[PDB]
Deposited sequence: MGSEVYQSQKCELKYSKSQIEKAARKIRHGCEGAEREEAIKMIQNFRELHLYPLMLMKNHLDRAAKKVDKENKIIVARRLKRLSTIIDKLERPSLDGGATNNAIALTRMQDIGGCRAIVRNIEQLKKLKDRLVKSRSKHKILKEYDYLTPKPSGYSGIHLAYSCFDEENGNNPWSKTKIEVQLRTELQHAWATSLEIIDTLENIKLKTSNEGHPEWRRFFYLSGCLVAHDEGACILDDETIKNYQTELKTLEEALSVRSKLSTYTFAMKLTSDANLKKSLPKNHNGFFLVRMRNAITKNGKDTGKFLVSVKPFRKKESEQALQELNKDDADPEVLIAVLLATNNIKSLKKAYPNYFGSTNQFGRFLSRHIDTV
């Protein structure tokens, strides 16, 4: 119900501060723009699913869709023009191998629909972050439209392999749970960033997306062994994903308050000196945020506390919704890490 100039003006008015009736109109303008991607998003999820079912007759390629939350869009404008964004709507196809990935990419390219691939982002050679896969940026209803309100809606399609998705899930889990910002920054955490780049490169080599020479492989595994022991990646992935699994537990869910929208203080304790070795989740209310931060910072003094992290229940639920197979993906990345670290 709004014009593209009205939507661009509303995004500007949110970046520039807004209040009251002016804000309600601006948030309605951007919310309208956001739910305009819902139809082409659900459409592209079915177009992609149809292609995946022709590529793998066994129906094992996993297809998913995700619409960026209104809250996430406003926070990006508060803290890349709105109408020029390709990530508002995104689809993801997870295939078993590089062969199956290239077949599905070609099936989508050769296909003839009103939905055009504007750019093909080939990341079979890992990005500086370590990420590998292929992204197809679509302009749905690009030329053939008519009285179509969804003319030129941008939807991104990410094609990735089971191991490339295992790498991406583990990155998202460490990034979100450790509260560090690898994805939304170009600085800090050198050991985490370098660990993800090298492991990403090893994923691309193993998958056959970017084969590296024997010497580089050897050097990359020594670097990886060193980075993994320094950061304790395997131990953290197991603890964080088990703690997330524990939040979805029936006994825990019955003990929690109604529509709990708070925090979970995840810990790993070595009180074995003989004592006990445990992993605990402690829930907090939304009002008890500071009390929760005070308990988290108090554990730095405790030598028994090996892992201590504060998780918002909204971050937990969205990670489980965006990565339904996070338990398995994480374990498959740790097994991958283990087989490269035990080489020499």
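Residues 1 to 13, 93 to 103, 298 to 302 of the deposited sequence, counted from 1, carry no C-alpha coordinates in the model.
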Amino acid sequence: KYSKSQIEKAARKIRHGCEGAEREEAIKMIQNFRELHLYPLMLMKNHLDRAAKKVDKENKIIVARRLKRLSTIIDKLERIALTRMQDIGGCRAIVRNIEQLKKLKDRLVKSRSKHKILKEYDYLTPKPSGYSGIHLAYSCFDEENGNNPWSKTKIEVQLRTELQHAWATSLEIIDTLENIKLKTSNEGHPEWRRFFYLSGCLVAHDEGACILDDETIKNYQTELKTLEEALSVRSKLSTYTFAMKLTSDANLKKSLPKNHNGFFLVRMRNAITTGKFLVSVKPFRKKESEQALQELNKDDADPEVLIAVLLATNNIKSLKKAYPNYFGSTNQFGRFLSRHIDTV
From here on, numbers count along this sequence of modelled residues.
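Stretches compared: 187 to 195, 161 to 169. Higher mean C-alpha B-factor in the entry: 187 to 195. In this entry, 251 to 259 has the higher mean Cα B-factor, the comparison being between 91 to 99 and 251 to 259. Sorting 37, 276, 65, 69 by the CA temperature factor given in the entry leaves 276 at the top.
Across 317, 282, 45, 28, the entry's maximum B-factor at the CA atom is seen for 28. Remark: residue 149 belongs to the middle third of its chain, ranked by C-alpha B-factor as recorded. The entry lists a Cα temperature factor for residue 41 that places it in the lowest third of the chain's modelled residues. For residue 271, the recorded CA temperature factor ranks within the highest third of the chain's modelled residues. Ranked against the other modelled residues of its chain, the C-alpha B-factor of residue 81 as given in the entry falls in the highest third. In this PDB entry, the Cα temperature factor of residue 224 sits in the bottom third of its chain's modelled residues, the lowest group.
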